[PDB]
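>>> before I ask anything, here's the sequence and the deposited coordinates:
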2 protein chains.
Amino acid sequence: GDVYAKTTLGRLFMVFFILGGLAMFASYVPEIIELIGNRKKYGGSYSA
Amino acid sequence: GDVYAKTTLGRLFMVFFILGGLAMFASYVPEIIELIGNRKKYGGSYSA
């Protein structure tokens, strides 16, 4: 609430953008997080 | 927080609406989004 939209067009865009943006964030951020972090854990080689 | 209910009756309705409205939004918006995004991605006719 420190910064928000005061104009009528800005508030209208916020109203019609929440429905899409909230869903996109919720369905995208966890997937991006899990895609990066699923790397190999015990890969490598033994040093004689 | 720019705009909110200031009357006691409006606050009471907000209290009793947050119980049901939030669940309705969270269970309806993703389903509505999914019900529109499913189409024939490769449907079409070959043009010789």
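That came in fine, so what should we check first? Residues are numbered from 1 along each chain as shown, chains lettered A, B, ... in the order given.

>>> can you classify residue A:47 by secondary structure?
With DSSP: H, G, I helix; E, B strand; the rest coil as the basis, residue A:47 sits in coil.

>>> for it, which residues are in contact?
By C-beta atoms under 8 Å, 6 or more residues apart in numbering or on different chains, the contact list for residue A:47 is empty. For the C-beta atoms, the positions are set from N, CA and C on the backbone; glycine is no exception.

>>> any buried residues in the host helix or strand of residue A:35, and which?
Taking DSSP states H and E as the criterion, residue A:35 maps to helix A:8-37. For helix A:8-37, burial by neighbour count (16 or more other C-beta atoms under 10 Å in any protein chain shown) applies to residue A:23.

>>> can you get me a residue count around the residue in chain A positioned nearest to chain B?
Here the residue of chain A nearest chain B is residue A:1; by C-beta to the nearest C-beta that distance is 3.8 Å. Counted with other C-beta atoms under 10 Å in any protein chain shown, the neighbours of residue A:1 add up to 6.

>>> which non-adjacent residue is nearest it?
residue B:1 (3.8 Å; C-beta to C-beta, 6 or more residues apart in numbering or on different chains).
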